[PDB]
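First, one chain by itself: the form deposited in one PDB entry, in structure tokens.
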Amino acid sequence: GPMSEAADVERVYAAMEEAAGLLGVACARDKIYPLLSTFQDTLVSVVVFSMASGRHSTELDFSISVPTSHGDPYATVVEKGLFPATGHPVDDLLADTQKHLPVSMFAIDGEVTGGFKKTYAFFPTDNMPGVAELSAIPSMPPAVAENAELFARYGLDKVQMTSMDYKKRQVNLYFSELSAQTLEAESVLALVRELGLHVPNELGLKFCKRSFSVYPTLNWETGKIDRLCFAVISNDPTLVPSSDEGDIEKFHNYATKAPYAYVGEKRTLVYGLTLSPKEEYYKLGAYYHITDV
């Protein structure tokens, strides 16, 4: 009852450590449980455990949905002291987004050794903002407005959600309702080259074609788009776009072993192809719990 609620949280944390287990990554319960307990009302509701390759190999993020009725979750973590305010405009962006747009749901993100680091803001699927609307939010990075011509020339306009990286001080604009030309190899290569990012080979370009979402990463320091990521959702455990045998086995092992609760359906996976000025890396998130969406 009340012990059922305490168990849900325990049950979640046990899945985290097990997902970290598949990675040789250690979980810090003292940094994690206080965060999961603050949102135990919701954990009783989307839960994702995500990994990365290369420089981010020794880390496991998690992502928990927070309904708007709970209220701005960044405000919650700052009152409860689970995270120090940055003194940066990112402090304002989450509450500023809901002040300006109908937000359909929040989410929080933390790393198993770091604790809290990100919020999300899900817009309604029927009422998605565009680039213009988003850049009128006064604490958006100016780089959202300074890149509105590029976004339109690549057919990126409808935004499904944003993410706030408080530790990194960045915003990801998750572009949705993508037209197939945006995803064709000619456009992807033209986009990455115009941005000075890593140029995906034929495997990346065939991966990019599956993308259901494309998200650039924008900061407040400059206009330059820091990084760009292609997101594919699939039951396929084999889709990681890397020719390296360690990667192929790493991401295949997690896609087939990661913890999930809603058995009756195959694991929902969300791969990412992230491009950067000097490298590309790969991401994978396995949903522990999922709702009708």
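Numbering starts at 1 and follows the sequence shown.
There is another form of this protein, the form deposited with a small molecule bound, and it is not shown here; the text below is about that form.
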* Asked: Has each of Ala52, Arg227 and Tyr281 got a heavy atom lying within 4.5 angstroms of the small molecule in the entry with it bound?
  -> yes
* Asked: Could you tell me if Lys168 has a non-hydrogen atom within 4.5 Å of the small molecule in the entry with it bound?
  -> yes
* Asked: Is there a heavy atom of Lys257 lying 4.5 Å or less from a heavy atom of the small molecule in the entry with it bound?
  -> no
* Using 4.5 Å between non-hydrogen atoms, is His70 touching the small molecule in the entry with it bound? -> no
* To do: Give a yes or no for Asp247: in the entry with it bound, does one of its heavy atoms lie within 4.5 Å of a heavy atom belonging to the small molecule?
  => no
* Of 247-255, 234-242, 54-62, 33-41, which is the one stretch near the small molecule in the entry with it bound, taking non-hydrogen atoms within 4.5 angstroms as near? -> 54-62
